Amino acid sequence: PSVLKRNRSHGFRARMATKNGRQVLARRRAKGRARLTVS
Amino acid sequence: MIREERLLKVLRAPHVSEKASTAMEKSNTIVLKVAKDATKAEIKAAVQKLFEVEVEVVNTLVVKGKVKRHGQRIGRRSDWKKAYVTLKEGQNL
Amino acid sequence: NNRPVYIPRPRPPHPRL
Amino acid sequence: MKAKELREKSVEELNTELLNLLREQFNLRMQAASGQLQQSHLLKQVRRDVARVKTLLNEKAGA
RNA sequence: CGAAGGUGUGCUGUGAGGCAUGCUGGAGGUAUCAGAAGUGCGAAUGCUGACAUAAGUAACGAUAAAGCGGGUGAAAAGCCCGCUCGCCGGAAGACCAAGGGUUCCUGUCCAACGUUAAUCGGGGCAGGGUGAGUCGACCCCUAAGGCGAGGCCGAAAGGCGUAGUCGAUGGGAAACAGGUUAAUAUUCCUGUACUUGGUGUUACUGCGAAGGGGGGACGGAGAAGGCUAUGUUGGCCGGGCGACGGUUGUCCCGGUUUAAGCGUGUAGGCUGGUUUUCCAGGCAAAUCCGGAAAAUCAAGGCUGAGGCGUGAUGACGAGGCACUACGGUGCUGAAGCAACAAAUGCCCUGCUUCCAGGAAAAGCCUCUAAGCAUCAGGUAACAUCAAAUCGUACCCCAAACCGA
RNA sequence: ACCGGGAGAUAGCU
RNA sequence: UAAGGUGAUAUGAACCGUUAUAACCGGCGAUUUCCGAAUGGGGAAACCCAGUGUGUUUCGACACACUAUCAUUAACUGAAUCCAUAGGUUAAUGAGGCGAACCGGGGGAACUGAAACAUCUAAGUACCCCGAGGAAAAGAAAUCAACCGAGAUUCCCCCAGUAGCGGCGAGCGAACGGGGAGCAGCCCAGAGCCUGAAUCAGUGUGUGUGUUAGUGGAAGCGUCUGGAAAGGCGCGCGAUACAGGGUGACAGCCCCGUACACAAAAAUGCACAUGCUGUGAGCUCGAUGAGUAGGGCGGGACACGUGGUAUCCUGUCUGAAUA
């Protein structure tokens, strides 16, 4: 794989673009994991 | 025009190394650790204003932090920018 | 200058130093 | 020395900040590399002085 | 003056158990009477930690192969130097892409690892290491694709889409010879160079944008010649007369290299040239391009490797001269020319054939409405500059990426 | 298909 | 408050002050890099590219303030179609995210039992989306059973797992009435007499009570075991403080300290009387929120089949007066 495609498919901005990305990020923040999506 | 305050807040400190010591006379070049951005124009103007020296070109590079793992969890060192400044003829500290 | 780093007490199987 | 800079006018405060940053900041930073700077409290003192100076000029002028 | 717990003894009752005490333990336990149990473990291929036999058992990983003298070290078939033998050598070598993230160099150490070993290492600790207008990313445009302001169909949904938007692995401009440190060289140093943009001077002086033209901007298959890297040979320069039969010769060893740019524009390929008229052609514009017609000349015009002189009274250098932590540093440093063969490299996006016709946009030259055509803008030369920011270590068909 | 839930699910049986 | 201090891992030099500029705590303030609703554009989150208005002793680019979207208000311009409007510009109003549940809504399953099964518990539950406020929602009568009855709503106790329904099979769940926290009713729809006289909101004043840092605060020694006493023994005292915690073994009299009495330069919640600014005393007699009430056609839904349909919104047609 490549870092470009990895970010475009599961990056912070890429996930945040979709509606469910906000819910996923909120769940992650509630969980408390240090890294949200990647890097 | 570059604010003198900005010029004073971009030069961190000279870097001490054997390569730097050789370059002090091999090519009249010095090495200075500077701010993260440390644009060539701003740092060159700062050097001219402070040391009253003549510089035609300044080279820049960024040194990546080194991962350290001794006893405790891994640790990283802050990335720092190094500038090679070549003075035409003036010699100064 | 900061020569002293305050090396911590290491593990029983630690580098002999 | 709060009262010292409190009474100073905007121009005098600017001149004090200029001279402090030019002289003391580097005279402590350049010596901080190695072989100099026997006394370490000078860095903290100068940092506090510059912080106090920057605290002024925001309420003395423009407020 | 010794609690709980641990660990042995003795006395006790039909028993689950109760009491005393030796030692360790070094700070809590709790008489009798009533209540709550997460209440009493021996198996549910029950769950977590530790410890076992199987066991010193095959294997130590392609069947390319190591050995000796010296040095560090106490310890050296595995480390360092020298010598001998062997393997790969259209690779097991070297340079980049993705990927890894400092594993790269030095000093230092043996906590843990290397299937046993290290003093060694892609291991620990400390330091150093990546220098860009010319390398790329970056940035302009763009194909498929996504978003998709407005807007159409459509009960809601859903379908579709003008413009814009990003979207490269595609197109747009520029540097090489020698050296440099243990780690960095198209970056640093000597040189010669080139590109984009701004200001001034000198000299001349018709531009814009949209509107157009060539070009950018292209497919498959097939064969011929020259040139270059490269190699062989000849001469030339420096060093030599062979541990043993010959070996001053038609002898042996090493060198005989030089980039980009500049002017020549050749070999080869393409196009036949000059003058006049119209275009209902390029949305009306064109001074440019092409199309339609007349007069004249023959070899004009475009592209085009390589070679030629400058680049280069240079560097590079065979091999020597001094100082040496024996690792190395400085100076000088002779010759550097011809013939042959030749490639997948260039001439060559060249030449012949074909259907499946093999993207688009931007930069770039062209003359084009109003106007200015003293001016402004445009062209030739000189001075001055700016070209920012990001990776420049190392591995990269492998011990460092993906398979633990 | 994986994830979290319905669901400590459901009938028989070990 | 202050004689110790530069927060710790984790030592060292360095100094800062000792009676008020050491240091710590609290109130009020300023600064607050980048991503993140991220808001100038792009973008692979912590990166790039920009456009305007301000000031540049080198005028090569720097530094400071703005540049996304909904409807409305004010003002200025401005089509169809002369003002009017469609459209455009400046400023303001709230918000796009997060936060664990609580309410009102829009959709919404599956496994399981009932002889399989129409149907039902399952289950309007898990789950998806919108607004909401410290509570929300709902609620002062064309409310309810009907012959006796109370006059707001919310929640709790039974009433009551009772009446009834259901292939009377699994299960489902009533009403009235009583006892409790709590009670406030109303507003205007509209003319006159009489006025800023009650009440409400804002703005300041001074008081009390609290908060955001705190002060004071009672009383002990000997011997033995003893590593050290806070443990046995002699005894005295405090107690409005023998809650608790730390100190070489179990501490009322060693300390923090609990009972109790005090403390605010500044801000902050509530209760007061008032200067001032706005809604607005009190009385009278009217008067009844209209294309409405009702009816009809056609949808989904009370076990069930628009049906004999009382009732829930209507897609659509008709259609009275206000005691």
# chains A, B, ... in the order shown; residues from 1 in each chain; ligands from 1
$ select_by_dssp --residues "chain A" --states "helix (DSSP H, G or I)" --output "PyMOL selection string"
chain A and resi 3-10+12-17+19-31
$ residues_around --residues "residue B:19" --least-positions-apart "4" --cutoff "12 Å" --atoms "only C-alpha atoms (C1' of nucleotides)" --output "VMD selection string"
(chain B and resid 15 23 to 27 29 to 31 84) or (chain E and resid 128 to 129 180 to 184)
$ atom_distance --atom1 "atom CA of residue D:13" --atom2 "atom CA of residue D:48"
15.0 Å
$ interface_residues --of "chain B" --to "chain G" --cutoff "8 Å" --atoms "only C-alpha atoms (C1' of nucleotides)" --output "PyMOL selection string"
chain B and resi 1-3
$ write_last_selection --atoms "C-alpha atoms" --output "PDB file, in the first residue's frame"
ATOM      1  CA  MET B   1      11.386  45.019   6.042  1.00  0.00           C
ATOM      2  CA  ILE B   2      11.834  42.320   8.701  1.00  0.00           C
ATOM      3  CA  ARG B   3      11.115  43.271  12.303  1.00  0.00           C
TER       4      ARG B   3
END
$ interface_residues --of "chain A" --to "chain G" --cutoff "9 Å" --atoms "only C-alpha atoms (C1' of nucleotides)" --output "list in words"
residues 3, 4, 5, 6, 7, 8, 11, 12, 13, 14, 22 and 26 of chain A
$ write_last_selection --atoms "N, CA, C and O atoms" --output "PDB file, in the first residue's frame"
ATOM      1  N   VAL A   3       1.051   5.531   1.572  1.00  0.00           N
ATOM      2  CA  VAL A   3       0.570   6.437   2.610  1.00  0.00           C
ATOM      3  C   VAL A   3      -0.513   7.356   2.057  1.00  0.00           C
ATOM      4  O   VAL A   3      -1.463   7.711   2.765  1.00  0.00           O
ATOM      5  N   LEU A   4      -0.388   7.763   0.792  1.00  0.00           N
ATOM      6  CA  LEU A   4      -1.395   8.634   0.192  1.00  0.00           C
ATOM      7  C   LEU A   4      -2.770   7.980   0.214  1.00  0.00           C
ATOM      8  O   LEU A   4      -3.746   8.574   0.687  1.00  0.00           O
ATOM      9  N   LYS A   5      -2.867   6.749  -0.293  1.00  0.00           N
ATOM     10  CA  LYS A   5      -4.155   6.063  -0.310  1.00  0.00           C
ATOM     11  C   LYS A   5      -4.634   5.758   1.102  1.00  0.00           C
ATOM     12  O   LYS A   5      -5.833   5.832   1.385  1.00  0.00           O
ATOM     13  N   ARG A   6      -3.711   5.407   2.001  1.00  0.00           N
ATOM     14  CA  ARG A   6      -4.092   5.140   3.385  1.00  0.00           C
ATOM     15  C   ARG A   6      -4.757   6.360   4.008  1.00  0.00           C
ATOM     16  O   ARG A   6      -5.803   6.249   4.657  1.00  0.00           O
ATOM     17  N   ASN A   7      -4.155   7.536   3.827  1.00  0.00           N
ATOM     18  CA  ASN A   7      -4.750   8.756   4.358  1.00  0.00           C
ATOM     19  C   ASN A   7      -6.065   9.082   3.659  1.00  0.00           C
ATOM     20  O   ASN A   7      -7.032   9.500   4.306  1.00  0.00           O
ATOM     21  N   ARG A   8      -6.120   8.898   2.338  1.00  0.00           N
ATOM     22  CA  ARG A   8      -7.332   9.252   1.608  1.00  0.00           C
ATOM     23  C   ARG A   8      -8.498   8.344   1.975  1.00  0.00           C
ATOM     24  O   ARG A   8      -9.654   8.774   1.917  1.00  0.00           O
ATOM     25  N   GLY A  11      -7.908   8.391   6.598  1.00  0.00           N
ATOM     26  CA  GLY A  11      -7.316   9.526   7.272  1.00  0.00           C
ATOM     27  C   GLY A  11      -8.338  10.319   8.065  1.00  0.00           C
ATOM     28  O   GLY A  11      -9.550  10.118   7.973  1.00  0.00           O
ATOM     29  N   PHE A  12      -7.824  11.251   8.866  1.00  0.00           N
ATOM     30  CA  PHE A  12      -8.697  12.071   9.699  1.00  0.00           C
ATOM     31  C   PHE A  12      -9.682  12.861   8.846  1.00  0.00           C
ATOM     32  O   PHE A  12     -10.895  12.820   9.079  1.00  0.00           O
ATOM     33  N   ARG A  13      -9.177  13.582   7.842  1.00  0.00           N
ATOM     34  CA  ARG A  13     -10.057  14.355   6.972  1.00  0.00           C
ATOM     35  C   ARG A  13     -10.991  13.448   6.181  1.00  0.00           C
ATOM     36  O   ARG A  13     -12.187  13.736   6.051  1.00  0.00           O
ATOM     37  N   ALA A  14     -10.461  12.347   5.643  1.00  0.00           N
ATOM     38  CA  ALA A  14     -11.278  11.458   4.824  1.00  0.00           C
ATOM     39  C   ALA A  14     -12.457  10.913   5.621  1.00  0.00           C
ATOM     40  O   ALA A  14     -13.603  10.946   5.159  1.00  0.00           O
ATOM     41  N   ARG A  22     -18.030  11.603  11.997  1.00  0.00           N
ATOM     42  CA  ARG A  22     -18.167  12.359  13.238  1.00  0.00           C
ATOM     43  C   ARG A  22     -18.555  11.448  14.395  1.00  0.00           C
ATOM     44  O   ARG A  22     -18.007  11.563  15.497  1.00  0.00           O
ATOM     45  N   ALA A  26     -16.322  10.681  17.684  1.00  0.00           N
ATOM     46  CA  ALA A  26     -16.863  10.881  19.023  1.00  0.00           C
ATOM     47  C   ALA A  26     -16.722   9.618  19.863  1.00  0.00           C
ATOM     48  O   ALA A  26     -16.352   9.683  21.044  1.00  0.00           O
TER      49      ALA A  26
END
$ interface_residues --of "chain C" --to "chain B" --cutoff "10 Å" --atoms "only C-alpha atoms" --output "PDB file with N, CA and C atoms, in the first residue's frame"
ATOM      1  N   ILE C   7      21.189   9.414  35.965  1.00  0.00           N
ATOM      2  CA  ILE C   7      20.867   8.055  35.444  1.00  0.00           C
ATOM      3  C   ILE C   7      20.054   7.320  36.511  1.00  0.00           C
ATOM      4  N   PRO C   8      18.946   6.639  36.148  1.00  0.00           N
ATOM      5  CA  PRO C   8      18.089   5.975  37.132  1.00  0.00           C
ATOM      6  C   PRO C   8      18.637   4.596  37.516  1.00  0.00           C
ATOM      7  N   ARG C   9      18.169   4.036  38.635  1.00  0.00           N
ATOM      8  CA  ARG C   9      18.617   2.702  39.006  1.00  0.00           C
ATOM      9  C   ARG C   9      18.022   1.680  38.045  1.00  0.00           C
ATOM     10  N   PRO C  10      18.838   0.881  37.369  1.00  0.00           N
ATOM     11  CA  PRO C  10      18.325  -0.002  36.321  1.00  0.00           C
ATOM     12  C   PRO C  10      17.870  -1.350  36.871  1.00  0.00           C
ATOM     13  N   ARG C  11      17.473  -2.218  35.939  1.00  0.00           N
ATOM     14  CA  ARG C  11      16.921  -3.540  36.216  1.00  0.00           C
ATOM     15  C   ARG C  11      18.005  -4.472  36.744  1.00  0.00           C
ATOM     16  N   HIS C  14      20.697  -5.502  33.888  1.00  0.00           N
ATOM     17  CA  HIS C  14      20.904  -4.214  33.182  1.00  0.00           C
ATOM     18  C   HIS C  14      22.280  -4.202  32.529  1.00  0.00           C
TER      19      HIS C  14
END
$ atom_distance --atom1 "atom CA of residue D:16" --atom2 "atom CA of residue D:62"
18.9 Å
$ closest_residue --among "E:166, E:132, E:386, E:4" --to "residue B:60" --atoms "only C-alpha atoms (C1' of nucleotides)"
E:132
$ interface_residues --of "chain E" --to "chain A" --cutoff "12 Å" --atoms "only C-alpha atoms (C1' of nucleotides)" --output "PyMOL selection string"
chain E and resi 98-99+146-147+167+401-402
$ interface_residues --of "chain G" --to "chain D" --cutoff "9 Å" --atoms "only C-alpha atoms (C1' of nucleotides)" --output "NGL selection string"
:G and (13-15 or 21 or 30-31)
$ residues_around --residues "residue D:43" --least-positions-apart "4" --cutoff "10 Å" --atoms "only C-alpha atoms (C1' of nucleotides)" --output "mmCIF file with N, CA, C and O atoms, in the first residue's frame"
data_model
loop_
_atom_site.group_PDB
_atom_site.id
_atom_site.type_symbol
_atom_site.label_atom_id
_atom_site.label_comp_id
_atom_site.auth_asym_id
_atom_site.auth_seq_id
_atom_site.Cartn_x
_atom_site.Cartn_y
_atom_site.Cartn_z
ATOM 1 N N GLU D 24 20.508 41.126 26.255
ATOM 2 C CA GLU D 24 20.541 40.108 27.301
ATOM 3 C C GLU D 24 20.095 38.750 26.776
ATOM 4 O O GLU D 24 20.682 37.718 27.128
ATOM 5 N N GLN D 25 19.056 38.726 25.942
ATOM 6 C CA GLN D 25 18.543 37.457 25.441
ATOM 7 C C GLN D 25 19.653 36.649 24.784
ATOM 8 O O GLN D 25 19.833 35.463 25.078
ATOM 9 N N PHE D 26 20.423 37.286 23.899
ATOM 10 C CA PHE D 26 21.516 36.581 23.239
ATOM 11 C C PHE D 26 22.708 36.380 24.167
ATOM 12 O O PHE D 26 23.292 35.291 24.193
ATOM 13 N N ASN D 27 23.075 37.393 24.961
ATOM 14 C CA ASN D 27 24.220 37.239 25.849
ATOM 15 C C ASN D 27 24.033 36.081 26.816
ATOM 16 O O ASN D 27 25.023 35.543 27.323
ATOM 17 N N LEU D 28 22.789 35.689 27.084
ATOM 18 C CA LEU D 28 22.529 34.473 27.842
ATOM 19 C C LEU D 28 22.376 33.258 26.933
ATOM 20 O O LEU D 28 22.807 32.157 27.293
ATOM 21 N N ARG D 29 21.770 33.437 25.757
ATOM 22 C CA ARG D 29 21.562 32.316 24.846
ATOM 23 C C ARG D 29 22.875 31.855 24.226
ATOM 24 O O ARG D 29 23.166 30.653 24.188
ATOM 25 N N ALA D 32 24.883 30.172 26.698
ATOM 26 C CA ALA D 32 24.261 28.948 27.187
ATOM 27 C C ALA D 32 24.749 27.710 26.446
ATOM 28 O O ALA D 32 24.566 26.594 26.947
ATOM 29 N N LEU D 37 28.139 31.085 30.960
ATOM 30 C CA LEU D 37 26.878 31.054 31.699
ATOM 31 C C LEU D 37 27.024 30.245 32.990
ATOM 32 O O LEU D 37 26.391 29.206 33.188
ATOM 33 N N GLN D 39 26.098 31.329 35.939
ATOM 34 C CA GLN D 39 24.853 31.538 36.670
ATOM 35 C C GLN D 39 23.680 31.261 35.736
ATOM 36 O O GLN D 39 23.589 31.852 34.655
ATOM 37 N N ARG D 47 13.719 36.148 31.059
ATOM 38 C CA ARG D 47 12.433 35.701 30.539
ATOM 39 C C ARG D 47 11.284 36.360 31.291
ATOM 40 O O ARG D 47 10.309 36.815 30.680
ATOM 41 N N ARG D 48 11.388 36.438 32.619
ATOM 42 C CA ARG D 48 10.351 37.106 33.399
ATOM 43 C C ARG D 48 10.285 38.592 33.068
ATOM 44 O O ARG D 48 9.194 39.168 32.984
ATOM 45 N N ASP D 49 11.441 39.232 32.881
ATOM 46 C CA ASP D 49 11.449 40.653 32.551
ATOM 47 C C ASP D 49 10.766 40.911 31.214
ATOM 48 O O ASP D 49 9.952 41.833 31.085
#
$ interface_residues --of "chain E" --to "chain C" --cutoff "9 Å" --atoms "only C-alpha atoms (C1' of nucleotides)" --output "PyMOL selection string"
chain E and resi 109-112+124-125
$ residues_around --residues "residue F:5" --least-positions-apart "4" --cutoff "12 Å" --atoms "only C-alpha atoms (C1' of nucleotides)" --output "list in words"
residues 110, 126 and 127 of chain G
$ write_last_selection --atoms "C-alpha atoms (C1' of nucleotides)" --output "PDB file, in the first residue's frame"
ATOM      1  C1'   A G 110     -34.918 -10.117  14.768  1.00  0.00           C
ATOM      2  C1'   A G 126     -32.396  -2.884  20.695  1.00  0.00           C
ATOM      3  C1'   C G 127     -31.017   0.470  16.932  1.00  0.00           C
TER       4        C G 127
END
